[PDB]
């Protein structure tokens, strides 16, 4: 089948209106650079509301057959930040290695990396990954974890993602 990839920008400010969604743009730019195979971006901007996040992810995974869903925003210690809660609530099983690696990688830049509650889990055969907010952090997190994603999707019997190996090298054992 053809790959559907969800992109969820979680932000009160973006939902109120911003000049440009630089976080969401950073994701689609990076994914376009990664992928040679055809794919369909399923994009949504939503507020920091746990229930709305959950609803969004559920539709993308269940109805829209998204094999991957990447979120940006709402992963810090602030009370409004509930993307990880929403993610835990919708996944059947978590992927501890992703949160581990993303923080380890982010800590190479900033001591405050350990304040991120970014996680990842599976809802059926969809992989959902929580990314940071800043465009450069987004690319740093994706460069770190995406090498494992096409294989993860393979094991989940999902679409076979083909990458521009001039940009990123998926590992497939």
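Positions refer to the first chain, counted from 1.
- Between 121-129 and 25-33, it is 25-33 that carries the larger average Cα temperature factor according to the deposited entry.
- 133-141 and 36-44 differ in mean CA B-factor, and the higher of the two is recorded for 133-141.
- When the modelled residues of the chain are ordered by their C-alpha B factor, residue 105 lands in the lowest third.
- Per the PDB record, residue ranking by Cα B-factor puts residue 9 in the lowest third of the chain.
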